[PDB]
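Novice: Please read through the structure below; I'll follow up with questions.
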């Protein structure tokens, strides 16, 4: 009656160049919980910006965004309110309760 | 009566260039819970922006967004409210309760 | 009476160039729950923007979006409200309760 | 009386270039639940935008969207309200309850 | 009395270029449930936009959308309300309850 | 036997505002001769030009003449040739040859 | 037998404002001769030009003449040629040859 | 037998403001001769030019003449040639040859 | 047998403001001769130029003439040639040859 | 048998402000001769230039002439040639040859 987990990675020849959250041999038992959360952001992998030119002769405004991944003008609100009673929130990887 | 999990990755020759959340041999038992959450964002993989030009002679406004993945002008609200009673929210990978 | 899971990945020659959430040999038992959630975003994979030009002589406004995947002007609201009673929400990968 | 799952991937020569949620040998037992959710977004895979030109001599407005997949001007609301009683919502991958 | 599932993928020579939700050898037992949900979005695979030009001499308005897949001006509302009693909603991959 | 000429001008109150070749009391005995002559010209007396506006957006030519008296594009030739013999041309005011 | 000429001008109150070749009491005996002559010119008396505006956006040519009396583009030739013999040209005011 | 000429000008109150070749009491005996002559010119008397504005955005040429009397682009030739014989040209004011 | 000429000018109150070649009591006996002559010029009397503005953004040429009397671009030639024989040209004011 | 000429000018109150070649009581006997002559010039009397402004942003040429009387770009030639024989040219004021 015993938990057993392991992860092997025998790499003869391998490459991980520009990656994110890779798993190349793992034994995971994660459990996660997110109540009021908020992600805002832009990500680029192997991007190229190769020549940009902006001019402005006689103007009152000029805005510009050019990069390989842009995010502008957001108004986010992510909340969770509890004014009553009882807000259990459980999250587990696994449960092993076995008799004999 | 025993849990057994494992993950192998024998790589003779492999490549993971520009990826996200890859799994190349895993044994996962995840459980997740999200109550009030919010994602806003733009992602680019192997993008190329190769020559941009904007001008403005006599204008009151000029806005511009050019990158390989753009997101603009959002107004997001993601909430969860509980003013009554009882909001159980359970999430598990697996459950092993077996007698003998 | 024992759970057994595993994942193999013997790669002689393989490539994963610009991908997202790939699985190349896994044994998964996930369980997930999303109550009030919201996704807004644009994604590009192997995109090319190869020459853009905008001008403006005498104008009061000019807006422009050119990238390979654009998203503009959204007004999203995703909520869940409970003012009564009882909002169980359960999600599991599997359940093994067998006697003998 | 034992659950058994596994996933093999012997790759002699393979390619996954620009993909999303691929499975190349898996044993999955997922269960998912979504109460009030909302997706808004545009996705491009192997797109090319190869020469764009916009001008404006004397105008009060000019808007433009050119990328390979555009989404504009949405007003989404996705909700679930419970003011009465009883909103069970269960979702499982499988259930094994067998006696002997 | 034992569940047995597996997935093989022996690839001598294969290609998956621009795909979405492919399965090349799997053993799945999914179960899913969606109560109030909403999808809005445009997707492009191997698209080409090869030369666009718009002008405007003296106008009060001009809007334009050109990309390979466009979606504009939607007003979506997808909800589920329960003010009475009893809203069971169950979804399973399979069920194995056999005696002996 | 005597020539007698004179000119009086008793001006109590008079005005000559914008005139040309006026005679207000004279005794003239002119004689004139014009062989090859040429007059080209425009004359204005008490003229008013009170607001002129010309524009040109995109043209190859635009000519304009607005004043109170215009003359344009003439090709004049006024000559007198004598290759023979005898071209007397006499002009006198008067002749007084009287005997007694 | 005597020539007698005179010119009086008794001015109590008079005005000559903008004039040309006026005679206000004279005794003239002129004689004139013009063989090959040429006049080109514009004259203005009491003229007013009260507001002129010309613009040119994108043109190859634009010519303009606005004044109260204009003359443009003439090609004048006024000549007299004598290759034969005899070109007397006499002009006198008067002649007084009287015997007694 | 005697020539007698004179000119009086008794001015109690007079004005000559902007004039040309005026005679206010004279006794003239002129004689003139013009063989090959040429006049080109513009004259203004009591002229007003009260506000002129010219602009040019993007042009290859723009010419302009605005004054109260303009003259442009003439090509004048006024000549007299004598290759034969005899070109008498006499001009006198008067002649008094009277015997007794 | 005697020539007699004179000129009086008794000015009680007079004004000569902006004039040219005025005669206010004279006794003239002029004689003039002009063979090859040429006048080119512009004259102004009591002129006003009260506000001029010229601009030029991006042009290859711009010429302008604004004054109250302008003259531009002339090509004048006034000549007299004599290759034969005999070109008498006499001009006298008067002649008094009377016997007794 | 005697020439007699004189000129009076009794000025009680007079003014000569801005004039040219005025004669206010004279007795003249002029004689003049002009063979090859040339006048080029501009004259102003009581002129006012009251505010001039010229600008130039990005131009290859800009010429301008504003004064109250302008003359530009002339090409004058005034000549007299004699290659034959005999070019008498006489001009006298008067001649008095009377016997007795």
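Including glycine, each Cβ sits where the backbone N, Cα and C put it.
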Novice: Say a student had to find the phosphoserine annotation in Swiss-Prot: which of F:42, F:87 would be the correct pick?
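Specialist: Residue annotated phosphoserine in Swiss-Prot: F:87.
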Novice: Cα of residue F:1 (N-acetylmethionine) to Cα of residue F:87 (phosphoserine): how many Å, rounded?
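Specialist: A Cα-Cα distance of 34 Å.
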Novice: Taking the Cα atoms as reference points, how far is residue F:50 (Cu cation binding site) from residue F:87 (phosphoserine) in Å?
Specialist: 52
Novice: In the repeat '1' (F:20-30), how many residues does DSSP assign to helix, to strand and to coil?
Specialist: 0 helix, 4 strand, 7 coil
Novice: Give me the CA-CA distance between residue F:2 (Cu cation binding site) and residue F:87 (phosphoserine), in Å, as a whole number.
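Specialist: Cα of residue F:2 (Cu cation binding site) to Cα of residue F:87 (phosphoserine) measures 33 Å after rounding.
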Novice: My understanding is the cutoff is Cβ-Cβ under 8 Å with a sequence separation of 6 or more in the same chain; which residues meet that for residue F:87 (phosphoserine)?
Specialist: none
Novice: At a 10 Å cut-off from the C-beta of residue F:2 (Cu cation binding site), count the other C-beta atoms across all protein chains.
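Specialist: Step by step: centre on the Cβ of residue F:2 (Cu cation binding site), count other Cβ atoms within 10 Å, giving 15.
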Novice: Please identify, from the recorded positions F:1, F:50, the residue with the sparsest Cβ neighbourhood, meaning fewest other Cβ atoms within 10 angstroms.
Specialist: F:50
Novice: Going by DSSP assignments with H, G and I as helix and E and B as strand, what are the residue counts for the repeat '3' (F:42-56)?
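Specialist: Taking the repeat '3' (F:42-56) as a whole: 0 helix, 8 strand, 7 coil.
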